[PDB]
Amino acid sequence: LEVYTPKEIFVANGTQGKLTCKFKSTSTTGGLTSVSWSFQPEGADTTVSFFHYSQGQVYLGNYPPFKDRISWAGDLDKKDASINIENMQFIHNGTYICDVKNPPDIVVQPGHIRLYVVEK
């Protein structure tokens, strides 16, 4: 299991951000595979999970900054763990972390994206 993400994403204020995540694994994906996305705020020690996918089901979270902005944009059959975030603001500047599990492959380094919400 190895996780690939862009080094950085630049998104225009108020537009949609496409957090792209792709992975390779020795094992086929299916019922057991899971994706987690966490948000590390800019200049902050902390990381918070806000999205999660397992058992074919998408679990959005009530974390205020991302509430009602998150959508699953990936396909596990294409090994795509992407998500979208709508109406991006200054608050969403940070580091985004894609964690993927695909049993029996669990030894994973998580992908890192650095995202700035900037104005054209």
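Quick note: we count residues from 1 along the sequence shown, nothing fancier.
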Regarding 42-50 and 27-35, which shows the higher C-alpha temperature factor on average in the entry? 42-50
Within this chain's modelled residues, let me know which third the CA B factor of residue 12 belongs to: lowest, middle or highest. highest
Could you place residue 82 in the lowest, middle or highest third of its chain by Cα temperature factor, using the values in the record? lowest
Of the three thirds of the chain ranked by Cα temperature factor, residue 18 occupies the middle
Using only modelled residues of the chain, where does the Cα B factor of residue 55 rank: lowest third, middle third or highest third? lowest
Ranked C-alpha temperature factor of residue 95 among modelled chain residues, by third: middle
